[PDB]
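> I am attaching a structure below and will ask some questions about it afterwards.
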Ligand SMILES: *[C@@H]1O[C@H](CO)[C@@H](O[C@@H]2O[C@H](CO)[C@@H](O[C@H]3O[C@H](CO)[C@@H](O)[C@H](O)[C@@H]3O)[C@H](O)[C@H]2NC(C)=O)[C@H](O)[C@H]1NC(C)=O
Ligand SMILES: *[C@@H]1O[C@H](CO)[C@@H](O[C@@H]2O[C@H](CO)[C@@H](O[C@H]3O[C@H](CO)[C@@H](O)[C@H](O)[C@@H]3O)[C@H](O)[C@H]2NC(C)=O)[C@H](O)[C@H]1NC(C)=O
Ligand SMILES: *[C@@H]1O[C@H](CO)[C@@H](O[C@@H]2O[C@H](CO)[C@@H](O[C@H]3O[C@H](CO)[C@@H](O)[C@H](O)[C@@H]3O)[C@H](O)[C@H]2NC(C)=O)[C@H](O)[C@H]1NC(C)=O
Ligand SMILES: *[C@@H]1O[C@H](CO)[C@@H](O[C@@H]2O[C@H](CO)[C@@H](O)[C@H](O)[C@H]2NC(C)=O)[C@H](O)[C@H]1NC(C)=O
Ligand SMILES: *[C@@H]1O[C@H](CO)[C@@H](O[C@@H]2O[C@H](CO)[C@@H](O)[C@H](O)[C@H]2NC(C)=O)[C@H](O)[C@H]1NC(C)=O
Ligand SMILES: *[C@@H]1O[C@H](CO)[C@@H](O[C@@H]2O[C@H](CO)[C@@H](O)[C@H](O)[C@H]2NC(C)=O)[C@H](O)[C@H]1NC(C)=O
Ligand SMILES: *[C@@H]1O[C@H](CO)[C@@H](O)[C@H](O)[C@H]1NC(C)=O
Ligand SMILES: *[C@@H]1O[C@H](CO)[C@@H](O)[C@H](O)[C@H]1NC(C)=O
Ligand SMILES: *[C@@H]1O[C@H](CO)[C@@H](O)[C@H](O)[C@H]1NC(C)=O
Ligand SMILES: *[C@@H]1O[C@H](CO)[C@@H](O)[C@H](O)[C@H]1NC(C)=O
Ligand SMILES: *[C@@H]1O[C@H](CO)[C@@H](O)[C@H](O)[C@H]1NC(C)=O
Ligand SMILES: *[C@@H]1O[C@H](CO)[C@@H](O)[C@H](O)[C@H]1NC(C)=O
Ligand SMILES: *[C@@H]1O[C@H](CO)[C@@H](O)[C@H](O)[C@H]1NC(C)=O
Ligand SMILES: *[C@@H]1O[C@H](CO)[C@@H](O)[C@H](O)[C@H]1NC(C)=O
Ligand SMILES: *[C@@H]1O[C@H](CO)[C@@H](O)[C@H](O)[C@H]1NC(C)=O
Ligand SMILES: *[C@@H]1O[C@H](CO)[C@@H](O)[C@H](O)[C@H]1NC(C)=O
Ligand SMILES: *[C@@H]1O[C@H](CO)[C@@H](O)[C@H](O)[C@H]1NC(C)=O
Ligand SMILES: *[C@@H]1O[C@H](CO)[C@@H](O)[C@H](O)[C@H]1NC(C)=O
Ligand SMILES: *[C@H]1O[C@H](CO)[C@@H](O)[C@H](O)[C@H]1NC(C)=O
Ligand SMILES: *[C@H]1O[C@H](CO)[C@@H](O)[C@H](O)[C@H]1NC(C)=O
Ligand SMILES: *[C@H]1O[C@H](CO)[C@@H](O)[C@H](O)[C@H]1NC(C)=O
């Protein structure tokens, strides 16, 4: 009657979410946000990276100049996309260390080609084949020059091309392995012999090996492809007596952020920074479980399919009914703040949100969101992470490196979220405790702690009086005489 | 006389253990558990993984079919164990990229072999040697076919074997390098010439090189071993004019969780999930310092030989003697709880454990144990981590990858244990503080804090009264008049 | 008048430093220390590691014995330093897998060479060239022996060298590729043919390839360099009919902590444990941003250029003026302690530092400094991390491994510093709170909390009385009657 009650409390919601902390495997909080990206739209967005869709062509087919790849001449990319349907449709070939040539062209990001005038005096140039049709005519790789005898002579070639440019030159060349001794003589006028391609700093010698291989598009012969990089001030020398598939010039070789990806995802007219083989993915979240193959500003790949970051305090049911405070009890009816006051006095029972404490909690949570959301880092050309052939040692190491990396990031992600969630529970608990302590200090000897998050105020404390406490302007001296008389009375 | 004392406290033990936290390099707690496995039984348990003990045979010798390895035909394994005593006892051979063939067969996990009928018309089959005895008779590798001239002719071989199966085929074949020109002619009727083994997608040409090597089991010649994998719908073509050591068929090549390990540990009849070269190790702990080479569900390798996880609160000696509470003081005599009450009243001096607070602490500690104990993850075929030969670049990278991984896990382990131990000290301190605070709130104006973890209760508080406080049913109003009179009296 | 005031507080400084914690991106503390080393002196200190400055010689040139490298014979190193100005000045050569031979010699750490007496009966030894002058005379690599015909005969060589030592032998040898058929005959009396160098466990066959390469120091021919390691109990066999560049003996091959580094930094007479290409760096700090290439006891490379570790409490401005305590308020005038007391009584206004709380904070901060400062770990030979040529697959993997490692350490560093800084703020806040709580408990019913970190003491409390509180010897009973009368009076 001659007293009032003031309770300190916090909000609660009817639909909380479970998160993990250091203390609890499962604790319900008022709200959380997902930190693992697990979906893609399923398309690769054509912006803001320059995409080159290989369609039916591998990068190596586009490099050599398979007729169906003619439209790729001189093009550049940030990301070359190779399709599973891609197929070769020219003379059958192989590339010793195919993976390396693919990688180095991919990383260079350009098919720019400059023709050069080699001196092929004494031989027939521009050999063609029915296995490599261009506009329904017998043809050959656009960037290569099939040399054969002239008037049944093939004089020894000893041909030079200096690099007088200020940039490196990439030369692609080949050796023809004929199916039979008959074809060797028919083509090069004499028995097969080695090809030597050299510079001041390197030498490569290749021996043609005559023999039938299983027919590919009806051809039992093969071309083996080689490459040579020539520095400024160095000189290419080509030395051969037959079987040379000659370069027509050089590719520019650049450095930058280009790569290549295997994917069947359609290319869309849209804008997304992070590309995976499954399609582009949003990069707001710090982690993702879509694909360990990525290009661009991407979330880091982890094994988890979900990691929930708490964005609110512990969610605690309201106890069924006298008003009561935060001790084992949240307030579902408090909707305009996270913390606040309930009172009972001469004028009724009321509630008010505390703005300061609410904002302190929200600001800290927004702070950690700002550290974690929209802060992905870019990666470009990396290592391959899926393999179509069995290879042993090198592949074992590539796979182990990647597995090692993923487990370490998955661990970091698990620990980070547990630590942050513990900190969020701690900081939100702390704001409640601080509010209660501040109030206790204001009240001095005029109130007692009832043990339920409420004070029994031992004087008449009307709406303005309660407001003075909430506003931090309550003068304990004004009421102390009244309060002491009420507290320390014999009953 | 007209008062009582109620002290809040916690247990202590005479034999505490030192752990590390974020705050302290060394702090004594009541109990701890070891998180680094540092011993092995010294034997490899034959369950639950399928173990194949190579005995005197390497995997490659068992593959080729060295007579002493005949018992291995067609066997499978999860883990092939190669012994240091193993030795070859057939024709001397080498394998270019031995490590890769070993790895790929190891990972495949099967020696299943299917014979095929190759057409070797025109040559003598089944050549043998005194260097490869089988049942005291001259013999040869079981899976290989040594072809030699027939009637002093060796017609050119051009032999095909299509893969019309729905699975890949692994072919193992070889080239014989004779010791002398005499042996070349004696065996193959003509001067040495290249061997070409091809498919639609690959080609391998090998040149026999005649010459003496140092004698091995009295043989100066050598066989070099090669392999070819043939896909469904592809075709093996073998083309040769001498020196061919032919396949008799193909190996199945499978994918799964198989590997190979070098170890001299005996195989025992027992059951253990984690295998190391030192023997099987228990996998209850999250870390281990036994060996960085592992197979199965294993603790992670770290450099530390011990990491102790606190499983109890700070251990604090009892001060020598009036009762006293937890302030700089533990209770060795409290044995039925971790926290509790001591009192002095009209009826004597008593102690009671507080079950709730004790269980809260124990449950949280059991929670972190459940996260850390018995939760190891499986790894299977990885990379090699010990090397018998000097190799340079590739080996440097294999070693660096592993060193990198171990240092990162060792760091994670060190930080994890420090963080968890800090949290355990914090949570156990917290339960003590909470118990004291709850009691303070119950007592209201009827008691004062004596500063030593005890309350001076300013009314007669008999055994039932004390029990009411411990049980949370104490009604402060019943005693308030008495208590206020005693507290606020002029003396 | 009949009362006193006692305030609890902590120091503040006029020049605080901003650090990052888990709670705050930016919080000012009284002091911090830098954990990332970002400068070098710019010189490589010649102590305590044994440094070998290659000057104009690569390690491989010093190994082969280019005349300008004669002074390097038989020398050892912990770190061989290769200079960008280095150049070859003998016969032009290449080394297939140059990187591996460089690495394995580097890691071995010795050029110790033992001559052996090979039986080269039937040929001319010690061939020389004007391209390799020694003391103005035609010469050749010191460790190699250029064999040519004798009286226009080159008999087949078949030469043996057993390893009867208890250590491994490293043999370096070569093949001469002549510029023309004329030179082949002039030098070796017959058409070129293979060289085979073998042991019981290995074989290497190399084919000389006649032809012009672009002239290097006027020479169109080349030597290709090979190596063979021979175990105890094994035997080297060299078999050749021309073009052999023979070994004169063997190199010791050792194991230990040696490496090689590319750097143009001058060598100084000074002592530093950590070497980078930029020069030696101090190793007090746990991290560094100078270079990811390191040798010795070095801080770990991270991407951050600064990480500041808090070494003091939150720095909080003093509020402008009655004395006041720590609530939103630090004391710039407290200079002999971190925490303490201010009082107002009958005898004036005074301040005293609290030694215990100050020392508790300082000891804990010194503890974490001792864990982090001067505790670097040693690494020696690793992998290469900069590349002068484009190579593809292997280089992609080397770069990815290193990028992976650096990002993981950079993450660990960021989290470590945030966690430690949070802990430092927490522990320093805690000492303040504990001091306030201890004081509150001493005062019992004789004082009230004014809400600003101060107590109103309700009795006359002169300088000695205040001292008794600070010293922990205050007897509340002495003053309780006076204090209760003053507190609970009607006004
Ligand atoms: C070595 O053996 C090879 C496999 O037996 C063989 O290749 C096969 O050659 C035949 C006959 O030339 C091809 O069959 C083709 O014959 C008719 C001719 O009218 C064509 O119109 C058809 O396209 C038909 O396919 C096979 O296609 C071919 N098989 C493979 C797997 O390539 C080689 O010719 C033999 N080598 C030598 C030098 O004789
Ligand atoms: C090239 O030189 C090789 C090493 O000198 C040589 O190998 C050696 O050959 C001898 C003689 O054949 C072997 O000695 C064996 O001789 C008796 C003959 O009754 C045997 O009963 C014994 O087993 C005895 O060991 C050596 O073992 C052998 N040494 C090595 C290291 O292999 C080659 O024969 C020479 N090559 C040519 C083509 O002549
Ligand atoms: C294959 O072609 C090569 C390049 O055209 C050629 O090498 C060049 O040879 C010429 C002439 O021998 C050298 O020129 C030198 O000639 C005078 C002779 O008095 C010297 O005094 C000078 O040093 C002058 O440089 C070139 O230096 C050389 N070019 C290169 C790039 O090496 C080969 O000789 C040809 N091979 C064959 C077998 O004929
Ligand atoms: C590299 O080119 C040279 C020519 O510049 C070739 O050498 C000639 O070879 C023919 C027969 O093949 C001989 O009749 C000539 O006498 C050689 N000329 C000279 C100047 O020596 C050489 O064969 C070529 N090498 C290769 C591997 O193709
Ligand atoms: C691959 O097989 C073919 C036969 O199918 C070999 O070619 C024959 O070689 C002999 C002499 O070696 C010649 O007399 C024949 O004229 C060739 N036959 C045909 C049909 O061309 C060939 O030598 C084999 N290749 C290898 C590398 O062993
Ligand atoms: C390895 O050495 C042997 C000699 O020990 C060489 O074999 C001789 O070769 C010549 C002609 O080159 C023949 O006239 C002899 O009959 C051979 N001697 C014997 C004992 O067989 C052989 O050529 C050498 N090999 C190489 C690759 O150089
Ligand atoms: C939950 O948290 C997120 C992140 O702060 C916020 O965007 C979202 O609106 C919140 N949801 C509710 C219902 O408050
Ligand atoms: C790719 O090849 C397929 C199959 O021949 C063909 O139908 C399609 O038109 C080709 N696409 C392009 C873009 O050339
Ligand atoms: C992405 O593709 C990979 C590889 O095919 C597949 O494992 C994964 O389920 C895909 N993820 C999504 C979200 O589509
Ligand atoms: C602010 O303080 C005044 C003065 O005591 C008080 O009457 C008023 O109700 C307060 N306003 C609030 C709590 O909104
Ligand atoms: C110490 O802790 C472990 C793990 O909880 C427990 O199994 C063991 O019994 C404890 N020892 C004692 C003496 O309490
Ligand atoms: C392995 O070889 C040794 C030495 O010859 C022999 O004593 C032993 O019986 C062999 N073991 C088996 C299982 O064949
Ligand atoms: C296991 O074997 C390794 C390699 O021989 C050795 O370094 C280590 O001491 C062994 N550990 C134990 C516990 O036996
Ligand atoms: C439980 O509460 C009752 C009622 O006050 C009390 O008398 C009794 O002793 C308590 N039991 C305990 C503490 O075991
Ligand atoms: C700041 O901290 C460092 C590390 O403890 C200490 O050496 C230095 O003297 C301190 N500076 C000041 C001004 O206290
Ligand atoms: C290194 O070579 C340069 C350029 O020829 C020369 O001037 C210098 O004397 C050489 N230095 C040494 C130490 O031989
Ligand atoms: C060290 O050298 C590297 C490579 O040249 C350079 O990136 C870096 O800026 C240098 N750092 C310092 C502190 O000199
Ligand atoms: C220590 O305690 C004594 C006894 O009460 C007190 O008078 C004295 O001032 C204290 N000394 C201090 C605080 O330095
Ligand atoms: C092929 O070479 C001929 C000369 O035989 C030349 O005229 C023509 O330009 C070449 N074809 C090209 C460049 O497409
Ligand atoms: C070896 O070939 C012969 C024919 O020369 C054949 O009869 C026999 O089965 C073969 N030996 C085997 C399969 O062990
Ligand atoms: C080169 O060989 C000759 C014999 O022709 C020998 O006398 C001399 O010692 C050798 N030169 C050396 C070892 O420098």
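All of this is worked out from the model, or read from it or from the source named; nothing here is a laboratory result. Positions of Cβ are generated from backbone atoms using ideal geometry, with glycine treated the same way; all protein chains shown enter the neighbour counts.
> Starting from residues that are under 43 Å from the mean Cα position of the chain (by Cα) and closer than 14 Å to residue A:125 by Cβ, keep the ones in segment A:240-255 and report whichever is surrounded by the most Cβ atoms within 10 Å (Cβ to Cβ).
Step by step, filter segment A:240-255, then rank; the result is A:247.
> Do you know which residues across segment B:210-239 are within 14 Å of chain C (Cβ to nearest Cβ) and assigned to a strand (DSSP E or B)?
Of the residues in segment B:210-239, the ones within 14 Å of chain C (Cβ to nearest Cβ) are B:210-225.
Listed by number, the residues that qualify are B:216, B:219, B:222, B:223, B:224, B:225.
> Sticking with this one: Read through the list (1) outside any loop (DSSP other than H, G, I, E, B); (2) within 14 Å of chain A (Cβ to nearest Cβ); (3) in contact with a strand residue (DSSP E or B) (Cβ under 8 Å, 6 or more places away or on another chain), then give the number of the only condition that residue B:9 fails.
Every listed condition holds for residue B:9 apart from (2).
> Please find, within segment C:113-137, the residue that is farthest from ligand 20 (Cβ to nearest atom) out of those that are in a strand (DSSP E or B) and under 11 Å from residue C:91 (Cα atoms).
C:133
> Which numbered condition trips up residue C:435, out of (1) out of contact with any strand residue (DSSP E or B) (no Cβ under 9 Å at 6 or more places or on another chain); (2) surrounded by 16 or more Cβ atoms within 10 Å (Cβ to Cβ)?
(1)
> Residue check: is residue C:109 at positive phi and in the same structural domain as residue C:234 (by CATH)?
The answer is yes for residue C:109.
> Take residue A:35 and tell me if it is away from ligand 12 (no atom under 16 Å from the Cβ), within 14 Å of chain C (Cβ to nearest Cβ), surrounded by 18 or more Cβ atoms within 10 Å (Cβ to Cβ) and farther than 30 Å from residue B:361 by Cα.
Taking the combined requirement at face value, the residue does not satisfy it.
> Hey, can you tell me all the residues within segment C:1-49 that are closer than 21 Å to residue C:435 by Cβ and away from ligand 15 (no atom under 16 Å from the Cβ)?
Within segment C:1-49, C:4, C:5, C:6, C:7, C:8, C:9 qualify.
> Another question, if that's okay. Kindly indicate the residue of segment B:153-162 that is assigned to a loop (DSSP other than H, G, I, E, B) and surrounded by fewer than 19 Cβ atoms within 10 Å (Cβ to Cβ) and also farthest from ligand 16 (Cβ to nearest atom) among those meeting that condition.
Looking at the filtered set, the residue picked out is B:155.
> Filter segment C:329-373 down to the residues that are surrounded by fewer than 13 Cβ atoms within 10 Å (Cβ to Cβ) and outside any helix (DSSP H, G or I) and list them by number.
C:333, C:335, C:336, C:348, C:349
> Can you name the condition, by its number, that residue C:181 falls short on among (1) farther than 23 Å from residue B:224 by Cα; (2) crowded, with 21+ Cβ neighbours inside 10 Å?
Tallying (1) farther than 23 Å from residue B:224 by Cα; (2) crowded, with 21+ Cβ neighbours inside 10 Å, residue C:181 fails exactly one: (2).
> So is residue B:71 more than 30 Å from residue B:426 (Cα to Cα), assigned by CATH to the domain that holds residue B:297 and surrounded by fewer than 18 Cβ atoms within 10 Å (Cβ to Cβ) or not?
Here the answer is no, as residue B:71 does not meet what is asked.
> Oh, and also: Can you work out which of the residues in segment A:446-487 that are more than 60 Å from the chain's Cα centre (by Cα) and within 14 Å of chain B (Cβ to nearest Cβ) is surrounded by the fewest Cβ atoms within 10 Å (Cβ to Cβ)?
Among those residues, the one meeting the criterion is A:485.
> Inspect all residues belonging to segment B:109-131 and state whether any of them is surrounded by 14 or more Cβ atoms within 10 Å (Cβ to Cβ), more than 16 Å from ligand 15 (Cβ to nearest atom) and within 14 Å of chain A (Cβ to nearest Cβ).
yes
> Kindly indicate whether any position in segment C:83-97 is within 14 Å of chain B (Cβ to nearest Cβ), farther than 30 Å from residue A:366 by Cβ, away from ligand 16 (no atom under 16 Å from the Cβ) and out of contact with any helix residue (DSSP H, G or I) (no Cβ under 6 Å at 6 or more places or on another chain).
Yes - at least one qualifying residue is present in segment C:83-97.
> Can you tell me which residue is farthest from ligand 14 (Cβ to nearest atom) among those in segment A:185-206 that are over 22 Å from residue C:93 (Cβ atoms) and outside any helix (DSSP H, G or I)?
The qualifying residue farthest from ligand 14 (Cβ to nearest atom) is A:189.
> Looking only at segment A:240-256, which residues are part of a loop (DSSP other than H, G, I, E, B) and under 22 Å from residue C:210 (Cβ atoms)?
Listed by number, the residues that qualify are A:241, A:242, A:243.
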